[PDB]
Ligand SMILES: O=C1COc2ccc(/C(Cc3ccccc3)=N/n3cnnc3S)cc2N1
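Okay, so here's just one chain, in structure tokens, the form solved without this ligand.
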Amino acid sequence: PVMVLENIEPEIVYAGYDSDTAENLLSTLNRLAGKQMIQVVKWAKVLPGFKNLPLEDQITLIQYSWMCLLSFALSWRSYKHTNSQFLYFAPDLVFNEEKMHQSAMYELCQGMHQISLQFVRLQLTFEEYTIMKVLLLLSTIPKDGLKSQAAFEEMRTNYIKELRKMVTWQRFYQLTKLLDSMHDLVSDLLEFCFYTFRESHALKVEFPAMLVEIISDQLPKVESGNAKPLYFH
């Protein structure tokens, strides 16, 4: 479980940053996003337990939790590489207070910056990160339901009990509390994402084909309460 998870973690992804307008940063981040999602897809097909449920539900869980996954991962890199001092999007794209301003996404950057700070305080470990990331993959579901709602519950309770064994009643509360707080930020990041998209017509912010399909899928119908977040507290 832990062994497999650490082995299947994605490889380093570069932003391909070419040196600085607001349009640039966001488009670069969106392209960065499209690139990381490719790694997520590959990651998911080899994820223990997940690769079992029907592809429908598999594509579905990936389309509802993509923001949780990428932002938590950003938080991890920022913690591992800069001790949660800056926002480490990629080796060639590390954000500072200024870059945080250029992208016109300051409070939103400060928001995730705060998550990563909690990584330091809690001294989050790599194996806790890996199991916590899978739980975020299984954190959001369509209000209506998945094809195999029973196969999902089993994998989720499995990974949950997996974090318990990993922790063994101390940081488990802290870790799950953090996962719960991730949803709060993701909501903010998502709505900002939907605005930039429904206005990119003028903002000149480009969106990779991957994002376009996910957003135009999540935003359209699942804007309302069609996405039920699973909380631990």
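Residue indices: 1-based, along the sequence shown.
The next section is about a form of this same protein that is not shown, the form solved in complex with this ligand.
Undergrad: For this ligand, considered in the bound PDB entry: do all three of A22, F192 and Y195 come within 4.5 Å of it, counting heavy atoms only?
TA: Every listed residue reaches this ligand in the bound PDB entry, so yes.
Undergrad: Give a yes/no on whether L26 approaches this ligand to within 4.5 Å in the bound PDB entry, heavy atoms considered.
TA: Judged by the heavy-atom cut-off of 4.5 Å, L26 is in contact with this ligand in the bound PDB entry.
Undergrad: Is there any non-hydrogen atom of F126 lying within 4.5 Å of this ligand in the bound PDB entry?
TA: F126: no, not in contact with this ligand in the bound PDB entry.
Undergrad: Quick check on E154: any heavy atom within 4.5 Å of this ligand in the bound PDB entry?
TA: Close contact is absent here: in the bound PDB entry, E154 is far from this ligand, nothing within 4.5 Å, heavy atoms only.
Undergrad: Hey, in the bound PDB entry, does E107 get a heavy atom within 4.5 angstroms of this ligand?
TA: Although this ligand is absent here, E107 would touch it in the bound PDB entry, with heavy atoms inside 4.5 Å.
Undergrad: Taking this ligand in the bound PDB entry as the reference, which of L203, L178, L53, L47 has a non-hydrogen atom within 4.5 Å?
TA: That would be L203.
Undergrad: Based on heavy atom distances of 4.5 Å or less, which listed stretch (143-151, 116-124, 98-106, 157-165) is in contact with this ligand in the bound PDB entry?
TA: That would be 98-106.
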